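Undergrad: got a sequence here, can you build the structure:
(chains A and B)
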Amino acid sequence: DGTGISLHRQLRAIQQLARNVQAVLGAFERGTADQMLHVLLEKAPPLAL
Amino acid sequence: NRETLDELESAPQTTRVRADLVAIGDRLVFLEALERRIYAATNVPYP
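TA: Residues are numbered from 1 along each chain as shown, chains lettered A, B, ... in the order given. You can find the structure just below:
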């Protein structure tokens, strides 16, 4: 709109997007630790057996 | 973004005070029984 509102809402949009990208690029660090428990339960016989 | 913009204080006055320290596991907690200190003759019940 040619005002500072148009600038500041753009800076609000970039700061919204900076949260999500660092979230999901951090998610595969945790999704690895998710899956390794799901593969260490796939080959898991109980100690009682 | 990355904000982290919470400001710090000015390192205030650090006095020595007879309080009561114990440690419970990893954490280190006061003990306080506030009867003879703040509620002795005040005639208001302890909460």
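Undergrad: nearest to chain B within chain A, name that residue for me.
TA: Using Cβ to the nearest Cβ, the closest approach of chain A to chain B is made by residue A:15 at 4.3 Å. C-beta coordinates here come from the backbone N, C-alpha and C atoms, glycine included.
Undergrad: give me the nearest residue to that residue, chain neighbours excluded.
TA: residue B:1 (4.3 Å; Cβ to Cβ, 6 or more residues apart in numbering or on different chains).
Undergrad: how many neighbours does the one you found have?
TA: By other Cβ atoms under 10 Å in any protein chain shown, the residues close to residue B:1 number 12.
Undergrad: my guess is it meets residue A:13, correct?
TA: No: checked against Cβ atoms under 8 Å, the pair residue B:1 and residue A:13 is beyond contact range at 11.1 Å.
Undergrad: could you look up the SS state of residue 6?
TA: Picking chain A for this. helix (DSSP: H, G, I helix; E, B strand; the rest coil).
Undergrad: now the one 4 residues further on
TA: Three-state assignment for residue A:10 (three-state DSSP): helix.
Undergrad: looking at this, the residue of chain A closest to chain B is in a helix?
TA: Yes: per three-state DSSP, residue A:15 lies within a helix segment.
Undergrad: how many neighbours does it have?
TA: Count around residue A:15 with other Cβ under 10 Å applied: 12.
Undergrad: that one contacts residue A:22, doesn't it?
TA: No: the criterion here is Cβ under 8 Å, and residue A:15 misses it with residue A:22 at 11.3 Å.
Undergrad: show me what the residue nearest to residue B:28 when sequence neighbours are not counted bridges to in the sheet.
TA: Nearest residue to residue B:28, sequence neighbours excluded (Cβ to Cβ, 6+ apart): residue B:21, at 6.7 Å. Beta-bridge partners for residue B:21, by DSSP bridges, are residue B:30.
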